[PDB]
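Novice: My questions will all concern the structure given below.
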Amino acid sequence: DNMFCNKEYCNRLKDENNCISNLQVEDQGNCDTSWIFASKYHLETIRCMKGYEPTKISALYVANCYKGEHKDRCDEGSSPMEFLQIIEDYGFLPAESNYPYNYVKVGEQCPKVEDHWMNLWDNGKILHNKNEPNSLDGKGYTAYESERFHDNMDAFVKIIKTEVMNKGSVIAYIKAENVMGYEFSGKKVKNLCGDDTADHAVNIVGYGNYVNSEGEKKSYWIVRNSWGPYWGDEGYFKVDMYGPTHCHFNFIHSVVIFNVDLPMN
Ligand SMILES: [Ca+2]
Ligand SMILES: [Ca+2]
Ligand SMILES: [Cl-]
Ligand SMILES: [Cl-]
Ligand SMILES: [Cl-]
Ligand SMILES: [Cl-]
């Protein structure tokens, strides 16, 4: 447990006999549904931390089941907030095994929940507690932006490490173009700048220290993507936390955490 994930080093993929290592990488195909994959994986690791099985949430159900006017669910993404909204509106969260994802089905009619389907949100509550002395908490999610921590990156890193330890992951936003380089197919720690904006949700799932090719002591995030297990390094990659000095923007644009109440299993 602690030997695989502590303040200095965290890689739960190395503990083959634990829940999070059994959440296999998924392939979103050719729709812009990373918001669903990253959000549901964050809930999957939270469920692992609470003693539940590594049961995959149905990304397709979340894509296809929404209230109100028709949305463009393949060509355009959404946000983690909308993932939460779908959970609260429908109250039921089916398993991938019951309604399996194929990108060509993204946008089809929301399916009837069958009698034998598993609810992976049973006994689950999104928290909207008003605890702080201001009116801004209680959204069900909390977001932090690297640009707002420009002069306090140590705090940004600490917040993320704490959540990865406690919840098993955070949701992170990046610009997809930034991981498109030929070089992202290696096992090297990538080192690059982010952009002013982001458009693709991934998960930070771990971290560690390393020495870069210039002989400098540095640290990296371990990042999970949803482009299948043959992308990057078995579906994941490593990226320098602080990145190059000259960067206006960090590679990690922002992170999102879900605030939920879930009974231990
Ligand atoms: Ca760029
Ligand atoms: Ca910006
Ligand atoms: Cl775990
Ligand atoms: Cl569409
Ligand atoms: Cl999105
Ligand atoms: Cl709100």
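Going through the structure tokens in order, the chains are called A, B, and so on, while each chain numbers its residues from 1 and the ligands are numbered from 1 in the order shown.
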As a PyMOL selection string, please: every protein or nucleic acid residue near ligand 2 (cut-off 8 Å, counting only C-alpha atoms and all ligand atoms).
Specialist: chain A and resi 147+195-197+249+253
Novice: Next, the residues of the selection above should be written as a JSON list (two decimals), in the first residue's frame with N, CA and C atoms.
Specialist:
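For reference, selection_20.json as written:
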```
[["chain", "number", "residue", "atom", "x", "y", "z"],
["A", 147, "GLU", "N", -2.26, 27.55, -14.29],
["A", 147, "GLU", "CA", -2.00, 28.99, -14.50],
["A", 147, "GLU", "C", -2.25, 29.81, -13.22],
["A", 195, "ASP", "N", -0.29, 24.53, -23.40],
["A", 195, "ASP", "CA", -0.80, 25.66, -24.15],
["A", 195, "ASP", "C", -1.72, 26.49, -23.26],
["A", 196, "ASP", "N", -2.23, 27.58, -23.82],
["A", 196, "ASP", "CA", -3.13, 28.47, -23.12],
["A", 196, "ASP", "C", -4.40, 27.72, -22.71],
["A", 197, "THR", "N", -4.81, 26.74, -23.51],
["A", 197, "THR", "CA", -6.07, 26.02, -23.28],
["A", 197, "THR", "C", -5.86, 24.50, -23.32],
["A", 249, "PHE", "N", 3.08, 28.06, -20.05],
["A", 249, "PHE", "CA", 2.01, 27.23, -19.51],
["A", 249, "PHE", "C", 2.52, 25.84, -19.18],
["A", 253, "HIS", "N", -2.93, 21.44, -17.72],
["A", 253, "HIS", "CA", -3.67, 22.70, -17.70],
["A", 253, "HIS", "C", -4.43, 22.85, -16.38]]
```
Novice: Excluding region 111-126 of chain A and residues on its chain fewer than 2 positions from it, collect all residues at most 10 Å away from it, counting only C-alpha atoms, and give them as a PDB file with C-alpha atoms, in the first residue's frame.
Specialist:
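Result file result27.pdb:
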```
ATOM      1  CA  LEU A  43     -14.843   7.160  -9.907  1.00  0.00           C
ATOM      2  CA  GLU A  44     -13.428   3.646 -10.563  1.00  0.00           C
ATOM      3  CA  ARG A  47     -14.373   2.761  -5.697  1.00  0.00           C
ATOM      4  CA  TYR A  52     -15.025  -2.384  -4.317  1.00  0.00           C
ATOM      5  CA  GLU A  53     -14.088  -4.582  -7.279  1.00  0.00           C
ATOM      6  CA  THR A  55     -15.683  -3.015 -12.278  1.00  0.00           C
ATOM      7  CA  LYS A  56     -15.704  -0.739 -15.327  1.00  0.00           C
ATOM      8  CA  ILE A  57     -18.389   1.937 -15.625  1.00  0.00           C
ATOM      9  CA  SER A  58     -20.249   2.080 -18.966  1.00  0.00           C
ATOM     10  CA  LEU A  60     -21.449   4.494 -23.525  1.00  0.00           C
ATOM     11  CA  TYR A  61     -24.356   4.916 -21.078  1.00  0.00           C
ATOM     12  CA  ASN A  64     -25.969   8.504 -24.579  1.00  0.00           C
ATOM     13  CA  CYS A  65     -28.141   9.277 -21.568  1.00  0.00           C
ATOM     14  CA  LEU A  84     -21.752  14.223 -12.407  1.00  0.00           C
ATOM     15  CA  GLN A  85     -25.033  15.687 -13.668  1.00  0.00           C
ATOM     16  CA  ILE A  87     -25.223  10.440 -12.436  1.00  0.00           C
ATOM     17  CA  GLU A  88     -27.509  12.612 -10.350  1.00  0.00           C
ATOM     18  CA  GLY A  91     -29.140   7.886 -10.317  1.00  0.00           C
ATOM     19  CA  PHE A  92     -28.028   4.659 -11.968  1.00  0.00           C
ATOM     20  CA  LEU A  93     -24.571   3.943 -13.350  1.00  0.00           C
ATOM     21  CA  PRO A  94     -24.360   0.773 -15.500  1.00  0.00           C
ATOM     22  CA  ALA A  95     -21.289  -1.416 -16.007  1.00  0.00           C
ATOM     23  CA  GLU A  96     -19.361  -1.542 -19.303  1.00  0.00           C
ATOM     24  CA  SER A  97     -20.156  -5.281 -19.402  1.00  0.00           C
ATOM     25  CA  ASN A  98     -23.885  -4.477 -19.604  1.00  0.00           C
ATOM     26  CA  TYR A  99     -23.651  -1.729 -22.233  1.00  0.00           C
ATOM     27  CA  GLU A 108     -27.592   6.355 -30.136  1.00  0.00           C
ATOM     28  CA  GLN A 109     -30.783   6.269 -28.026  1.00  0.00           C
ATOM     29  CA  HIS A 128     -22.910  19.372  -2.122  1.00  0.00           C
ATOM     30  CA  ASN A 129     -22.037  20.247   1.457  1.00  0.00           C
ATOM     31  CA  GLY A 138     -20.540  22.244  -2.808  1.00  0.00           C
ATOM     32  CA  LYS A 139     -20.446  21.870  -6.617  1.00  0.00           C
ATOM     33  CA  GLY A 140     -19.673  18.133  -6.355  1.00  0.00           C
ATOM     34  CA  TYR A 141     -16.290  18.743  -8.000  1.00  0.00           C
ATOM     35  CA  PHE A 258     -14.942  14.521  -7.464  1.00  0.00           C
ATOM     36  CA  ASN A 259     -16.329  14.973  -3.963  1.00  0.00           C
ATOM     37  CA  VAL A 260     -18.347  11.878  -3.147  1.00  0.00           C
ATOM     38  CA  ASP A 261     -19.566   9.889  -0.170  1.00  0.00           C
ATOM     39  CA  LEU A 262     -19.193   6.155  -0.630  1.00  0.00           C
ATOM     40  CA  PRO A 263     -19.441   3.508   2.096  1.00  0.00           C
TER      41      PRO A 263
END
```
Novice: Could you list, with a cut-off of 12 Å and counting only C-alpha atoms and all ligand atoms, the residues of chain A near ligand 5, each shown with its nearest atom pair and the distance in Å rounded to one decimal, rows sorted by chain and ascending number, as a Markdown table?
Specialist:
```
| residue | atom | partner | partner_atom_place_in_ligand_line | distance |
| --- | --- | --- | --- | --- |
| A:31 | CA | ligand 5 | 1 (Cl) | 10.8 |
| A:32 | CA | ligand 5 | 1 (Cl) | 7.1 |
| A:33 | CA | ligand 5 | 1 (Cl) | 6.9 |
| A:34 | CA | ligand 5 | 1 (Cl) | 6.4 |
| A:35 | CA | ligand 5 | 1 (Cl) | 4.7 |
| A:36 | CA | ligand 5 | 1 (Cl) | 8.1 |
| A:37 | CA | ligand 5 | 1 (Cl) | 10.1 |
| A:38 | CA | ligand 5 | 1 (Cl) | 9.6 |
| A:39 | CA | ligand 5 | 1 (Cl) | 10.1 |
| A:63 | CA | ligand 5 | 1 (Cl) | 11.8 |
| A:73 | CA | ligand 5 | 1 (Cl) | 10.3 |
| A:74 | CA | ligand 5 | 1 (Cl) | 10.9 |
| A:75 | CA | ligand 5 | 1 (Cl) | 10.5 |
| A:76 | CA | ligand 5 | 1 (Cl) | 7.3 |
| A:77 | CA | ligand 5 | 1 (Cl) | 4.0 |
| A:78 | CA | ligand 5 | 1 (Cl) | 4.3 |
| A:79 | CA | ligand 5 | 1 (Cl) | 4.9 |
| A:80 | CA | ligand 5 | 1 (Cl) | 7.7 |
| A:81 | CA | ligand 5 | 1 (Cl) | 10.2 |
| A:82 | CA | ligand 5 | 1 (Cl) | 9.8 |
| A:83 | CA | ligand 5 | 1 (Cl) | 10.4 |
| A:171 | CA | ligand 5 | 1 (Cl) | 11.2 |
| A:172 | CA | ligand 5 | 1 (Cl) | 10.6 |
| A:173 | CA | ligand 5 | 1 (Cl) | 8.3 |
| A:174 | CA | ligand 5 | 1 (Cl) | 10.0 |
| A:175 | CA | ligand 5 | 1 (Cl) | 10.4 |
| A:176 | CA | ligand 5 | 1 (Cl) | 10.7 |
| A:197 | CA | ligand 5 | 1 (Cl) | 11.6 |
| A:198 | CA | ligand 5 | 1 (Cl) | 8.6 |
| A:199 | CA | ligand 5 | 1 (Cl) | 5.7 |
| A:200 | CA | ligand 5 | 1 (Cl) | 5.6 |
| A:201 | CA | ligand 5 | 1 (Cl) | 6.2 |
| A:202 | CA | ligand 5 | 1 (Cl) | 10.0 |
```
Novice: Please return as a CSV table (one decimal) with C-alpha atoms, in the first residue's frame the residues found within 6 Å of ligand 3, counting only C-alpha atoms and all ligand atoms.
Specialist:
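Contents of the output file part02.csv:
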```
chain,number,residue,atom,x,y,z
A,18,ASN,CA,-4.3,-4.5,-6.1
A,19,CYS,CA,-7.6,-3.0,-7.4
A,20,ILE,CA,-6.3,-0.1,-9.4
A,48,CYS,CA,-11.1,0.8,-5.5
A,49,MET,CA,-9.9,2.9,-2.6
```
Novice: Provide the CA of residue 17 (chain A) to CA of residue 184 (chain A) distance in Å, to one decimal place.
Specialist: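 Between CA of residue 17 (chain A) and CA of residue 184 (chain A) the gap is 28.1 Å.
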Novice: Could you pull out the helix (DSSP H, G or I) residues of region 13-248 of chain A, going by DSSP on the backbone, and write them as a ChimeraX atom specification?
Specialist: /A:13-14,20-22,34-49,59-64,80-90,103-105,153-167,176-179,182-185
Novice: Neighbouring residues of region 223-225 of chain A were defined as those with any atom within 7 Å, considering only C-alpha atoms; residues of the same chain fewer than 5 positions away were excluded. Please report them as an MDAnalysis selection string.
Specialist: chainID A and resid 202:205 235:238
Novice: Going by DSSP on the backbone, which bits of region 10-197 of chain A are strand (DSSP E or B)? Write them as a PyMOL selection string, please.
Specialist: chain A and resi 10+27+57+95+125-126+141-145+170-174+189-190
Novice: Using the selection just defined, write its residues with C-alpha atoms as a PDB file, in the first residue's frame.
Specialist:
```
ATOM      1  CA  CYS A  10       3.438   6.488  -6.355  1.00  0.00           C
ATOM      2  CA  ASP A  27      -9.815   2.906 -26.232  1.00  0.00           C
ATOM      3  CA  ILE A  57     -18.389   1.937 -15.625  1.00  0.00           C
ATOM      4  CA  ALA A  95     -21.289  -1.416 -16.007  1.00  0.00           C
ATOM      5  CA  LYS A 125     -23.756  10.326  -3.048  1.00  0.00           C
ATOM      6  CA  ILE A 126     -22.211  13.357  -4.707  1.00  0.00           C
ATOM      7  CA  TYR A 141     -16.290  18.743  -8.000  1.00  0.00           C
ATOM      8  CA  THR A 142     -13.289  20.937  -7.301  1.00  0.00           C
ATOM      9  CA  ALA A 143     -11.018  22.235 -10.084  1.00  0.00           C
ATOM     10  CA  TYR A 144      -7.505  23.736  -9.894  1.00  0.00           C
ATOM     11  CA  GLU A 145      -5.638  25.408 -12.756  1.00  0.00           C
ATOM     12  CA  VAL A 170      -7.321  12.927 -10.390  1.00  0.00           C
ATOM     13  CA  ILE A 171      -8.863  13.996 -13.695  1.00  0.00           C
ATOM     14  CA  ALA A 172      -6.459  16.214 -15.657  1.00  0.00           C
ATOM     15  CA  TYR A 173      -6.924  18.359 -18.767  1.00  0.00           C
ATOM     16  CA  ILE A 174      -4.284  18.652 -21.461  1.00  0.00           C
ATOM     17  CA  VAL A 189       9.829  11.061 -19.412  1.00  0.00           C
ATOM     18  CA  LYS A 190       8.404  13.669 -21.798  1.00  0.00           C
TER      19      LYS A 190
END
```
Novice: Which residue out of A:182, A:207, A:242, A:103 has the minimum interatomic distance to ligand 4 when only C-alpha atoms and all ligand atoms are used?
Specialist: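 Looking only at the distances to ligand 4, the closest residue turns out to be A:103.
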Novice: Write out as a list in words the residues lying within 8 Å of residue 208 (chain A), counting only C-alpha atoms and excluding same-chain residues fewer than 2 positions away.
Specialist: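 Here the answer would be residues 8, 9, 10, 11, 206, 210, 219, 220 and 221 of chain A.
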Novice: What would the file look like if the residues just selected were written as a PDB file, in the first residue's frame with C-alpha atoms?
Specialist:
```
ATOM      1  CA  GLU A   8       7.735  10.728  -2.905  1.00  0.00           C
ATOM      2  CA  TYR A   9       6.778   7.894  -5.265  1.00  0.00           C
ATOM      3  CA  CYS A  10       3.438   6.488  -6.355  1.00  0.00           C
ATOM      4  CA  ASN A  11       2.948   3.753  -8.922  1.00  0.00           C
ATOM      5  CA  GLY A 206       1.083   8.412  -9.982  1.00  0.00           C
ATOM      6  CA  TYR A 210      13.998  10.903 -11.887  1.00  0.00           C
ATOM      7  CA  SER A 219       9.912  14.677 -11.006  1.00  0.00           C
ATOM      8  CA  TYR A 220       7.232  13.206 -13.298  1.00  0.00           C
ATOM      9  CA  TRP A 221       3.514  12.549 -13.393  1.00  0.00           C
TER      10      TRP A 221
END
```
Novice: Under the rule that only C-alpha atoms and all ligand atoms are counted, which of A:256, A:192, A:62, A:211 is the nearest residue to ligand 1?
Specialist: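 That would be A:192, the residue with the smallest distance to ligand 1.
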